[PDB]
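Before any comments, here is the structure.
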Amino acid sequence: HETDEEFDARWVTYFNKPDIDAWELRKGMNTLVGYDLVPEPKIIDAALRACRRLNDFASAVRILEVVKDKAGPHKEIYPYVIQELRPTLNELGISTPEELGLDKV
Amino acid sequence: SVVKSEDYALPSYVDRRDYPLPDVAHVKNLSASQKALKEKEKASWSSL
Amino acid sequence: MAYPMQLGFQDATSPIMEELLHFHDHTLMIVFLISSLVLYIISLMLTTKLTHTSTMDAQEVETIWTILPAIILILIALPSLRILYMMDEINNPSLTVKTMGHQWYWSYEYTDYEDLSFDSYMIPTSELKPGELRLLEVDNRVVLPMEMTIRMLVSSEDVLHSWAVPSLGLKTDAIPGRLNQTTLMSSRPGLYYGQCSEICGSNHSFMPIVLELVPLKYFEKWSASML
Amino acid sequence: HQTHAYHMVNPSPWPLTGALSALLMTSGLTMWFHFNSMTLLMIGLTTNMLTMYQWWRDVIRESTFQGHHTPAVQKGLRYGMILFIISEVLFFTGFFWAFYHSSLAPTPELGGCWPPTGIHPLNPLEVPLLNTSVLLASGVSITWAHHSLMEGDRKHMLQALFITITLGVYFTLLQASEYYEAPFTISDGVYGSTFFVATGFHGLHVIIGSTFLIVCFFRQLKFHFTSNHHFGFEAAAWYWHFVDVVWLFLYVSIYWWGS
Amino acid sequence: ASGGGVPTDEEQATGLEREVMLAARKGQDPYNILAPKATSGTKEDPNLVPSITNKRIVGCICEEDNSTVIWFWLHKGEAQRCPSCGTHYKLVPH
Amino acid sequence: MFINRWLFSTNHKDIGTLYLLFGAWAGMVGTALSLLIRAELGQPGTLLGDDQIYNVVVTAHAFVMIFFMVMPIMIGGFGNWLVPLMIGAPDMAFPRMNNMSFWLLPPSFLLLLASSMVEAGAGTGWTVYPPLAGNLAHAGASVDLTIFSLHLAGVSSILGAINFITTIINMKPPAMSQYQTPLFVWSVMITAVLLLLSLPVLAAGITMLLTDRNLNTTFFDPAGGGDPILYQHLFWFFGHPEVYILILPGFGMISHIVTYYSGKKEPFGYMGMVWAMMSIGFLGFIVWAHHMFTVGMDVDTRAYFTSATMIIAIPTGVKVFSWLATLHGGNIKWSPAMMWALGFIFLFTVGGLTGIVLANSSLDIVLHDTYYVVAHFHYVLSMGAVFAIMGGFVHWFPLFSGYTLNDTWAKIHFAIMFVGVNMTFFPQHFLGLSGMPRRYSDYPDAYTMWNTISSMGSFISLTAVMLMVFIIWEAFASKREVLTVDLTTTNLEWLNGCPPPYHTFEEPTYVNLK
Amino acid sequence: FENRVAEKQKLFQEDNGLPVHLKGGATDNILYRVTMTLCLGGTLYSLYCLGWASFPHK
Amino acid sequence: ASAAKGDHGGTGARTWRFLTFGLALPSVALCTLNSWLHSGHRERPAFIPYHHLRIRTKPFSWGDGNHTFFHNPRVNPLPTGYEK
Ligand SMILES: CCCCCCCCCCCCCCCCCC(=O)OCC(COC(=O)CCCCCCCCCCCCCCCCC)OC(=O)CCCCCCCCCCCCCCCCC
Ligand code: HEA
Ligand SMILES: CCCCC/C=C\C/C=C\C/C=C\C/C=C\CCCC(=O)O[C@H](COC(=O)CCCCCCCCCCCCCCCCC)COP(=O)(O)OCCN
Ligand SMILES: CCCCCC/C=C\CCCCCCCCCC(=O)O[C@H](COC(=O)CCCCCCCCCCCCCCC)COP(=O)(O)OC[C@@H](O)CO
Ligand SMILES: CCCCCC/C=C\CCCCCCCCCC(=O)O[C@H](COC(=O)CCCCCCCCCCCCCCC)COP(=O)(O)OC[C@@H](O)CO
Ligand SMILES: C[C@H](CCC(=O)O)[C@H]1CC[C@H]2[C@@H]3[C@H](O)C[C@@H]4C[C@H](O)CC[C@]4(C)[C@H]3C[C@H](O)[C@]12C
Ligand SMILES: C[C@H](CCC(=O)O)[C@H]1CC[C@H]2[C@@H]3[C@H](O)C[C@@H]4C[C@H](O)CC[C@]4(C)[C@H]3C[C@H](O)[C@]12C
Ligand SMILES: C[C@H](CCC(=O)O)[C@H]1CC[C@H]2[C@@H]3[C@H](O)C[C@@H]4C[C@H](O)CC[C@]4(C)[C@H]3C[C@H](O)[C@]12C
Ligand code: CUA
Ligand SMILES: [Cu+2]
Ligand SMILES: [Mg+2]
Ligand code: NA
Ligand code: NA
Ligand SMILES: [Zn+2]
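Chains E, D, B, C, F, A, J and G are the protein sequences, given in the same order. Under the entry's author numbering, the first sequence has 24 at position 20, and the numbering climbs by one with no breaks. Under the entry's author numbering, the second sequence has 21 at position 18, and the numbering climbs by one with no breaks. Under the entry's author numbering, the third sequence has 124 at position 124, and the numbering climbs by one with no breaks. Under the entry's author numbering, the fourth sequence has 116 at position 114, and the numbering climbs by one with no breaks. Under the entry's author numbering, the fifth sequence has 43 at position 43, and the numbering climbs by one with no breaks. Under the entry's author numbering, the sixth sequence has 158 at position 158, and the numbering climbs by one with no breaks. Under the entry's author numbering, the seventh sequence has 54 at position 54, and the numbering climbs by one with no breaks. Under the entry's author numbering, the eighth sequence has 42 at position 42, and the numbering climbs by one with no breaks.
Encoded structure:
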């Protein structure tokens, strides 16, 4: 309804709430993946740091999986997003699903 | 672990690519080593 | 008559039947197109892993998919109704023929001038002459003059029947106590077949109609000889 | 224990005995029409009356005696009765359609005219007009009964309901006499067919409606109704007005316009 | 002659009909005839959901005129949130 | 306890189970009758050597499939199980009258059996037109037993309609408006209104036929000034609403299935779906004489009925496109119920479009009383109703029973049926265009090829029906008990577990107004 | 007449587990058995009549 | 469209009883007069065996099969004419 930038900024603000709770983390990601888009890196960054404040490593990995899933057949999107997130992944010690072997069937 | 018919009114686990963060953990009961692992998770994940 | 493996209508014998063929072609093209478009859209919806499951606003698209079907219906209705009122338009017949349905045969009355009437029964399969058509031939055909507008009046002396000749585009129910009118004009000589078209009991399948279209002078002499 | 206001009904045999009574009445009519025998039909009529008696008895037990008819339950019964009446209206509509079809387009067999050649209709200004005044009057008196009940007046409710019932009986006796005296019969072509089947089903509904009013009369005598809670009475009155309105359409269509 | 003789509901209603009548006079709704009015639904001011047991189904019409109702069991204990709009509900048993 | 529970029931789930059992049994009878039709027609010549029996088989085929299989399954079975659960109600409004709607059906079916056993049967067509159905051309009890079978089925459904309308209007949570109730509930309410208004007219017409046959009335007999065509009007004034009654609950189940296996919380365009069902219901009362275009009707009346009939495509198209829009963006789960629903959308669309062909009265002169009509309605009615029923049955079997089907077997079953019904009915278009009449026990030789294929098709569907019974047996034989069901936040009927307890919603749901 | 509804309310609310169609007492049971006997007996008789009518003697 | 009467203020039992005795029952009494006054048998017409009347396609399931259910020998002829 608003501009892309305004949408992304609402979502960044949502995940950046310092005392965001577990229910709000899940509600956010489960609502976000309903939209026709792959979330911008800046949104995913804010969600991963929410995971960190909630001491939830597993949900951070899961969020990276759902970015890949939302891209569908556009195989170029997920590697781009991981690229943009590598400073955050390194800072927070978040391994990707591929690094964990969780992309094997 | 073990899901019971008599649990139908409680929040449940599901694996659905459109519901990435389910309402409960897959495993709720933790062994001693699994408890220690959840404590370690409170420190830097680079050390996991 | 129909021929083996036929897919569509019998070839037109009358100008109205020719109208119906072109109108059916028009309508079936629309039918094919809509069916194919739905099948295709179904497959398009079902062939992507991309998702969008949040609420979708409907009012904009519902305009398209009410207005476009309404336009299509009007494109069918206009030629449909034109043919309907053509078929109805006055034509001044030269001849009136009655047919009465019965269990299980047709009788025919040609009483414009003389008292001519006779019964018309299916030829039993065991008595077909070689080359004749099973369940379609009759003993006494409905001889009629070709290239002339004929009024057929249809009734019944027992249960409902229905007098049909597909290649002339004709089907008029035969109702006791009622005299239904239809008109008939064959562009060609020949033999044109139909079958009883309202269930009338145990030999409904076995009371066919055979029109024999010939030049007027042959029809006149035939008529005289049938008195 | 429930915390909604609706009625969970005890398991009951009457649906089954009612369904079987329907089997016995219909197979009984078949036996009567084709095998010259009334036996099955009499059993079916008997089991049908027993079913209706015990079923509606139980509804009174559930409501007056056990208290299950909360306002939500009563509201459902109001809808149910209105819908039942609508279905009966459409049943009569089929017979009016038959009557107008045949009378607006009289066929040659009739003489091409309506009334048919050889049919001498009743004079609509004699007993038919009297029957009209009787049912209209009964619609006034049942309205008096209804207001007396709402105002808590036992004696005048009973008096008005008795007058209403007496008028229903008067109509029925008059109609029976008219049937006997009529010079035409049900076998007198489509005139007799439409006349007797349509007025005949109407007369059956008058008898049904009168029976229902009589049930209400005896329940009133037994103090079942309160000044605010009396849906059986309301339902009987709605049904009674339906019977009155169907009569007015019959009178105008078949007796007057069709004469 | 305006006489009497017809029982009133006060006199003669019985059973559940009488329970509903008596509770209505007290402004109470133990048999759920009325729609409850929402609170603001915050964690501080949750919708209070009466129950005679330790769980009850909530339907949440998240926004006025939504045709989709969101259904879930509400259990005794800490307030729970509608999975669609987040508004809070707390069970008040027994 | 057994008799109390199953003969004296006042429970909407148990009565729904009774209806599903009754409808499944009737479906076997109806299928066997359909195989006899197609065996008679599977090669030229005569198989039964008795066309009165042929006509009896055809007639009973239709009555069984319509009145004893589709309506009991859709309305009595899915309606009773699902409608109270979908609105959080504790049962139906009239739980004891509901049981009589059920128990009138075995006697109704018994009367129809009786009709076929006495004399030479009612070989009339399911339309039962006079004078063929009158007391000279069908002397004896068969047609009267048929009339009485319809009377009992009619009372059954009228009282059921009263029950459903009352339940749906009166027993929702107080906060839930009609525009907060699920589409399947809407579809049942609208079907019930159609039943309420249409069946009394049929009852009137068949009662007039009964009195013409037995009391010397002449409603339909020209000798008394009557008219066979009046019966046709009364019959089809019911019979067109009836075909919408047969599909509307199907539309409702399709909406739920498509929504569910698309992973959606709601169907696309809910108010448009309500509008479309109401519009279809209303227009369904003003089109009946398109069953009568060859009876001798004035041209202006033909023009009106042509036009009014075509308009029904507009709301129907909104439903078809909204189902497509529900799939759009879905997380598609390729469950067997989804396959049934997708097959429904396509085959219903084909049959609806041949119905638009037939609505053109000029073309209907040549197509009326031919196999083109038979092909139209076995797409839109026979496949439409059967595919929605199978979709609903596969989808909700775990709710009703507590057990899961084998999904692989269920997908095999779908595949076999889809091939079978298309092989059976698609060639009947060619037979109709080329002039083969319906209600025939044999055909001119030219028509052999397509009748042969059609009959071979009918045996493939027979194999599917046999496999269906084995699949239900295997589920109850293996006893895989349901654990979790997704999307319960938008499918309230699942939220009390599988199967739900005998009493549900003893404490009603909490829904506030805000 | 006197209003004896309270008495009937006591009777039909007695905590005796009886279903409402039997809760009036022994007479209910008699009328129930008569009805059900007529229905089941009549239904058997109708099946006999179908059997008879299913075969030629017309 | 409300007749020439005219008496509300809060409708009630008293007004509907007034209507019952002051209008409804007097009307019945008047129509009862008018009827049982135009009564007395009329001249039954010549019998003509019209084929659209006295229909018999199947015997009636009572009596001798040839008498309608409320047959009145004075005014209802059989297909062969009036009875003795
Ligand atoms: C539609 C349901 C599924 C169908 C399943 C079977 C598929 C059938 C085709 C699947 C393709 C569908 C159309 C096939 C028409 C083939 C013949 C024709 O052109 O017929 C035209 C007329 C006759 O007109 C004429 O006078 C011209 C005759 C020309 C003769 C030339 C020689 C042709 C050789 C013989 C052909 C053998 C026929 C096959 C015999 C078929 C036996 C089963 O017939 C007719 O009207 C038939 C009336 C059918 C109306 C229902 C519409 C269904 C639409 C389905 C579209 C979805 C996309 C397809 C994609 C569909 C895939 C799902
Ligand atoms: C499920 C049952 C069902 C349904 C829903 C329908 C739906 C329709 N039917 Fe059919 N019909 C029958 C069951 C049904 N019918 C039966 C049993 C008979 C014969 C009875 C007998 O004689 O025994 C019959 C007979 C029958 C006749 C009489 C034919 C004859 O006997 O000569 C006609 C004539 O107009 C007709 C027309 C239609 C039309 C226009 C619809 C419409 O409602 C269809 C609307 C649907 C669509 C059009 C497809 C989806 C729409 C879009 C994708 C939008 C875009 C489309 C366009 C612009 C056209 N039907
Ligand atoms: C005070 C007015 C009378 C009240 C009612 C009297 C009896 C009617 C019974 C109810 C049935 C109503 C309609 C039945 C059809 C015919 C009855 C019409 C009314 C009537 O009573 O008609 C009489 C003939 O009755 C006859 O044939 C035969 C009468 C007996 C046979 C009844 C046949 C049963 C028909 C079954 C109906 C099925 C209904 C199904 C509804 C299902 C709805 C979902 C007329 O007598 P007549 O000697 O011809 O002429 C008078 C000459 N002096
Ligand atoms: C061959 C002959 C066969 C046919 C013979 C038919 C004979 C006659 C049947 C006459 C109908 C009698 C109906 C009596 C119903 C009594 C039960 C009753 O009236 O029950 C009431 C509920 O209404 C309710 O169910 C309302 C239920 C009413 C339904 C009745 C509608 C009439 C149906 C008749 C059948 C139609 C046949 C049509 C044929 C074409 C009880 O609630 P209340 O009154 O509020 O009381 C409670 C207060 O006391 C608390 O203070
Ligand atoms: C050819 C001859 C064929 C003969 C066929 C005969 C067929 C059937 C035999 C009928 C046996 C009837 C037995 C009595 C049925 C009474 C039903 C009734 O009265 O049903 C009521 C609901 O219907 C309501 O109100 C409103 C509805 C009342 C309907 C009463 C019964 C009508 C039966 C005939 C209807 C025909 C329709 C005619 C128009 C086409 C009460 O519902 P329950 O669930 O019981 O209780 C609910 C509790 O809360 C009550 O305390
Ligand atoms: C007004 C009503 C309800 C809206 C609501 O309160 O939510 C809506 C629901 C369905 C709508 C209709 C359907 O979408 C179908 C038609 C679509 C056309 O674009 C306008 C007319 C059209 C006939 C619509 C008129 C109107 O907007 C309707 C009738
Ligand atoms: C079909 C029915 C007559 C049934 C009968 O013969 O009993 C008649 C009665 C009223 C008719 C309608 C009314 O005459 C009004 C319209 C007149 C128009 O010329 C045709 C459509 C039109 C809408 C008619 C269609 C049809 O002929 C109707 C509905
Ligand atoms: C006995 C009873 C008194 C009230 C009560 O029981 O306390 C009275 C009051 C109203 C009376 C009825 C009404 O006056 C109406 C009827 C009048 C008739 O003249 C006698 C019977 C009739 C049906 C009366 C019978 C009986 O005397 C009733 C029923
Ligand atoms: Cu004659 Cu069919
Ligand atoms: Cu139709
Ligand atoms: Mg026909
Ligand atoms: Na009142
Ligand atoms: Na054959
Ligand atoms: Zn919410």
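Even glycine gets a Cβ: it sits at the ideal position worked out from N, Cα and C.
### Message
For the structure I just gave you, are there three or more beta carbon pairs, one from the segment 316-336 of chain A and one from the segment 40-56 of chain B, closer than 8 Å?
### Response
yes
### Task
Determine the contact status of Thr259 (chain A) and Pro249 (chain A), defining contact as a CB-CB distance below 8 Å.
no
### Cα-Cα separation between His75 (chain F) and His78 (chain E), rounded to whole angstroms
43 Å
### Message
Are there any heavy atoms of ligand 14 lying less than 7 Å away from the beta-carbon of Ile57 (chain F), as far as the coordinates show?
### Response
no
### Query
Got a sec: is the Cβ-Cβ distance from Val5 (chain J) to anything in chain F below 8 Å?
yes
### Task
Mind checking who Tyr121 (chain B) pairs with in its DSSP beta bridge?
DSSP lists no partner for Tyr121 (chain B).
### Query
Would you call the segment 218-235 of chain C and the segment 151-167 of chain C in contact, with 3 or more CB pairs under 8 Å?
yes
### Task
Would you decide whether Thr504 (chain A) is buried or exposed? Buried here means 16 or more other CB atoms lie within 10 Å of its CB.
buried
### Task
Flag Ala12 (chain D) as yes if its beta-carbon sits less than 8 Å from any beta-carbon of chain F, otherwise no.
yes
### Message
If the criterion is Cβ atoms closer than 8 Å, does the pair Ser108 (chain A) and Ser142 (chain A) meet it?
### Response
no
### Task
Report the rounded CA-to-CA distance for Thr452 (chain A) versus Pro44 (chain A), giving the unit in angstroms.
9 Å
### Contact set between the segment 455-488 of chain A and chain D, restricted to residues whose Cβ is under 7 Å from the partner
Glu481, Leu483, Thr484, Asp486
#### Entry: Host beta strand (DSSP E) of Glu102 (chain E) (start-end)
First-last for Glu102 (chain E): undefined, no H or E at that position.
### Task
Starting from the Cα of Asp45 (chain F), find the closest Cα among F:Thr68, F:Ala13, F:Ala79, F:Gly4 and give me that residue.
F:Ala79
### Message
Are there any heavy atoms of ligand 8 lying less than 7 Å away from the beta-carbon of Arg14 (chain G), as far as the coordinates show?
### Response
no
### Cβ shell of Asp7 (chain G) (< 8 Å), same chain only, five flanking positions each side left out
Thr15, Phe18
### Query
If you measure from each residue's Cβ to the nearest non-hydrogen atom of ligand 13, which ones come out under 6 Å, in chain order?
A:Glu40, A:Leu41, A:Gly45, A:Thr46, A:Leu47, A:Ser441, A:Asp442
### Query
What's the C-alpha gap between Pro43 (chain E) and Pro95 (chain A)?
52 Å
### Message
Just checking: is the beta-carbon of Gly3 (chain F) within a distance shorter than 8 Å of some beta-carbon in chain J?
### Response
no
### Query
DSSP on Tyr192 (chain B), reduced to helix/strand/coil?
strand
### Task
Closer than 8 Å, Cβ to Cβ, to anything on chain J: give me those residues from the segment 62-89 of chain C, in chain order.
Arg63, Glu64, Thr66, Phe67, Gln68, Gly69
### Query
Say the cut is 7 Å; is the CB of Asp300 (chain A) nearer than that to a heavy atom of ligand 7?
yes
### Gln181 (chain B), buried or exposed, once every other Cβ within 10 Å from all chains shown has been counted against 16
exposed
### Proximity test, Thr408 (chain A) beta-carbon vs ligand 6 heavy atom, cut-off 7 Å
no
#### Entry: Runs of alpha helix (DSSP H) lying entirely within the segment 2-34 of chain G, each at least 4 residues, in chain order
13-19
### For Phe418 (chain A) and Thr424 (chain A), the rounded distance between their alpha carbons
10 Å
### Task
Alpha carbon to alpha carbon, how far is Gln52 (chain A) from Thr13 (chain B)? Give it in angstroms, no decimals.
34 Å
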